[PDB]
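Chemist: Per the entry's author numbering: the sequence shown = residues 578 to 600, 605 to 717, 782 to 875, 880 to 886, 892 to 1154.
Backbone N, C-alpha and C define an ideal beta-carbon position, used for all residues, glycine too.
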Amino acid sequence: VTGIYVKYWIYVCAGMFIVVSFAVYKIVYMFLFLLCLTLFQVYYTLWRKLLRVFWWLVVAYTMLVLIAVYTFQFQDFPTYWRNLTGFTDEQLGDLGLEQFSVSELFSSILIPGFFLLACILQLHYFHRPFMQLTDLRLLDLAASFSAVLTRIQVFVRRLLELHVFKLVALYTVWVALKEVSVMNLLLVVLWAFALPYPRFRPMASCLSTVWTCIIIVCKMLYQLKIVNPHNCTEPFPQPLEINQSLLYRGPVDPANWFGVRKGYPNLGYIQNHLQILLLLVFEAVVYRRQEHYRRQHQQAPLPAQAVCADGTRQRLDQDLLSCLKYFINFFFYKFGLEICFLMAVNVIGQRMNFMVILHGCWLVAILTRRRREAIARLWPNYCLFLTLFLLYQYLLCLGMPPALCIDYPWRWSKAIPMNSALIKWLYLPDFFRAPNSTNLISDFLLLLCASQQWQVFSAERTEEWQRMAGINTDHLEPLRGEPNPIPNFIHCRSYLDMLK
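#1: DSSP three-state call for residue 599: helix, strand or coil?
#2: If you draw a straight line from the alpha carbon of residue 649 to that of residue 925, how long is it in whole angstroms?
#3: For residue 1046, count neighbouring C-beta atoms within 10 Å of its own C-beta (all shown protein chains included) and say buried if the count is 16 or more, exposed if not.
#4: Quick one, are the C-beta atoms of residue 1044 and residue 1080 less than 9 angstroms apart?
#5: Residue 988 to residue 628, Cα distance in whole Å?
#6: Report, in whole angstroms, the separation of the C-beta atoms of residue 880 and residue 906, which I expect to be a contact under 8 angstroms.
#7: Just tell me which of 685, 945, 826 and 1115 has its CA closest to the CA of residue 803.
#8: Please report the straight-line C-alpha distance between residue 962 and residue 798, rounded to a whole angstrom.
#9: Considering only C-alpha positions, which residue in the set 1028, 1042 and 1078 is nearest to residue 1051?
#10: For the alpha helix (DSSP H) holding residue 856, just list the boundary residues, first then last.
#11: What's the call for residue 705, buried or exposed, on a 16-neighbour Cβ count within 10 Å?
#12: Measuring from the CB of residue 1008, is there a heavy atom of the ligand SAM at a distance below 8 angstroms?
#13: Taking three-plus beta-carbon pairs below 8 angstroms as touching, is the stretch 849-868 in contact with the stretch 1122-1131?
#14: Taking 6 angstroms as the limit between beta carbons, can you name the residues of its chain near residue 868, skipping five residues before and five after?
#15: Restricting to Cα atoms, I'd like to know which of 1071, 1113, 1060 and 976 is closest to residue 1026.
#16: Throw me the rounded Cβ distance for the residue 974 and residue 1150 pair, which I believe falls under 8 angstroms.
#17: To the nearest angstrom, how far is it from the Cα of residue 680 to the Cα of residue 653?
#18: For the alpha helix (DSSP H) that contains residue 987, what are its first and last residues?
#19: According to the Cβ coordinates, are residue 1103 and residue 1002 closer than 9 angstroms?
#20: Do the stretch 894-902 and the stretch 581-589 meet, that is, are 3 or more Cβ pairs less than 8 angstroms apart?
#21: At the level of alpha carbons, what is the spacing between residue 884 and residue 1076?
#22: Check whether the stretch 806-813 and the stretch 929-938 are in contact - that is, three or more C-beta pairs closer than 8 angstroms.
#23: Per the contact definition of three or more C-beta pairs closer than 8 angstroms, is the stretch 815-823 in contact with the stretch 832-846?
#24: Which two residues bound the contiguous alpha helix (DSSP H) that contains residue 1085?
#25: Does the beta-carbon distance from residue 1037 to residue 1107 come in below 9 angstroms?
#26: Run through the stretch 1034-1088 for me and flag every whole alpha helix (DSSP H) of 4 or more residues, listed as ranges in chain order.
#27: Distance, Cα to Cα, residue 1096 vs residue 997?
#28: Checking 9 angstroms against the spacing of the C-beta atoms, do residue 1032 and residue 1023 come in under that value?
#29: Assuming residue 1095 is part of the alpha helix (DSSP H), what are its boundary residues?
#30: Please tell me whether residue 1105 and residue 822 are closer than 9 angstroms, where the distance is taken between their beta carbons.
#31: Does DSSP classify residue 682 as helix, strand or coil?
#32: Should residue 979 go down as buried or exposed, given a rule of 16 or more other Cβ atoms within 10 Å for buried?
#33: Closer than 7 angstroms by C-beta to residue 1057: which residues in its own chain qualify, once you throw out the five before and the five after it? Chain order, please.
#34: For residue 1003, name the three-state secondary structure that DSSP assigns.
#35: Can residue 645 and residue 623 be called in contact, C-beta distance under 9 angstroms?
#36: Using beta-carbon positions only, say whether residue 840 and residue 1041 come within less than 9 angstroms of one another.
Okay, structure coming up:
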């Protein structure tokens, strides 16, 4: 058969490290996650050195298997003697391979038992895999439908070349708002400047690969240091059940404002940033796969970024199929401002708060300027105010930290006390009625749509892609002998013209 070219991928070797990282709760397990994070950052920095890195990872897994092998007998007492006054029965004893010798020792020996064999397999197959990832009526229907699958493969890959930085940005904000969990405010800041700014796109992805792995280590390193060394007795004279919700009810974890909660599954607390790091590495993989095709052929289909380059502005008036291709690759090109106005209404749709009154008022400040140029004279100023408004919105819900028992200044009530809903309708950062940030993802969508609307406004400046999908000025032709940019279409003689 000789079909061993599919069994040369390092993805199973990467997944075995995380499968051995979970279950367990030792300090040796952080070394495997630091190795996967360093390999991910090496995938975001420079290739052609991961073979020796995998050899050192096999050496580190061999050292971990040797550390598990040395603690089979009663040598931990000698390890506590050899420890330079740092054993303390948990600094070297909890993570020091407490052998149960029934089934936990079997699980802890079989966890690295597959990883060591996968390390030897990756050491034997590192030369063939670095050859592809570098600079080098049955059979007829099977080959033809496989060729159709390769056409769909290039179609999906070209559509997944772009439109993934938006998807990674959506998932990072979905993470950073479903769980607020500050120290991911750097992710909110980096992506809210990655979307409008063109040159900051590859710089923010690399820094996100750095800072998320910092958060991964800072969400792994909580095993033994308990909450009790690291609250808020109530003043009884603003609502009646004010001593039930956040501050003056429970002892406030001071690092919970910094995003520290040691959970019981020990992966489900970390699935969010793990999937963020997977999407960042996959975002790197897709662009590298584009240069893997660029070594053989071209990756400039059109001047503007596009899929299925056959559909022109002129081939648009031919058939249903070219019209479908044209409104695949230039749909947001033509109908961008309409979608941006709709997503502004979407923000007003789910929120209906006091700070979205700003969105309605600046929407009228756009829509009174009727023409496109009168919008374009103020559109970058509004988009920069928009991303500053989103960062202002995420800086709110914080105020002062809950570790400090000092309170928000709205129990003083300004001598006219408001209820628990006016502090919710107005976006007050409080602790009883916690203001919702999961409804802010529509506002991040609106920031995304205005971000690529900058490139749609740059199309009026650039002649560079006015051949395919030409001008979109809102000025028709009066006082004209014959305008005729399109032939007379009132009578059908087609299928696309009947729809037209």
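Modeler: In short, the structure shows the following:
#1: coil
#2: 27 angstroms
#3: exposed
#4: no
#5: 39 angstroms
#6: 5 angstroms
#7: 945
#8: Between residue 962 and residue 798, the C-alpha separation is close to 13 angstroms.
#9: 1078
#10: 846-865
#11: exposed
#12: Among the ligands in the structure shown, none appear at all, so the ligand SAM cannot be discussed.
#13: no
#14: Closer than 6 angstroms at Cβ, skipping near neighbours: 606.
#15: 1113
#16: 5 angstroms
#17: C-alpha separation (whole angstroms): 7 angstroms.
#18: 985-988
#19: no
#20: no
#21: 23 angstroms
#22: yes
#23: yes
#24: Run containing residue 1085: none; DSSP gives neither H nor E here.
#25: Cβ atoms of residue 1037 and residue 1107: closer than 9 angstroms.
#26: 1076-1079
#27: 7 angstroms
#28: yes
#29: DSSP places residue 1095 in the uninterrupted alpha helix (DSSP H) bounded by 1095-1115.
#30: Contact: no.
#31: coil
#32: buried
#33: Result list for residue 1057: 906, 908 and 911, in chain order.
#34: helix
#35: no
#36: yes
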